[PDB]
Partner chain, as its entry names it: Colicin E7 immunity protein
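This document starts with one chain, in the form deposited without its partner chain, laid out as structure tokens.
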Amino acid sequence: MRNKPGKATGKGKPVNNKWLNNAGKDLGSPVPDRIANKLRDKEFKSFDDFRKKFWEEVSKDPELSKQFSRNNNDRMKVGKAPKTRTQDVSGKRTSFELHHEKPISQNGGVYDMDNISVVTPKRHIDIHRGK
């Protein structure tokens, strides 16, 4: 399912000036309701496609982009996720990741933004108990 096309849905949530502040704990940071407004009802080829588009919208949002360094904004401008602090990386996984709260393998929505959150590699791995 993850690699099959779908339409984005979901409301997301309003975020403040420290959006990814809690990306290293619990379920991490929600999809901003501003980003969801831009992606909602849009068709994607695969989750990876959504992923790419998700970060591009982040670089286009005046309030969201300002919370990142130039280097991370440049990355997001081309669909690449922002790099985390060294403390939060794990091997080749060095940038913020998107997690599905309810696993796609368990009928979880692939493009349901209310089922998607932003987490650090380190936290994502702990969420999946080591993977």
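Numbering follows the first chain given and starts at 1.
Below: the form solved in complex with its partner chain, not depicted.
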query: Contact of residue 43 with its partner chain in the deposited bound form (heavy atom, 4.5 Å); finding: no
query: Residue 74 within 4.5 Å of its partner chain in the deposited bound form, heavy atoms; finding: yes
query: 4.5 angstroms heavy atom contact with its partner chain in the deposited bound form for residue 80; finding: yes
query: Close approach of residue 37 to its partner chain in the deposited bound form, 4.5 Å, heavy atom; finding: no
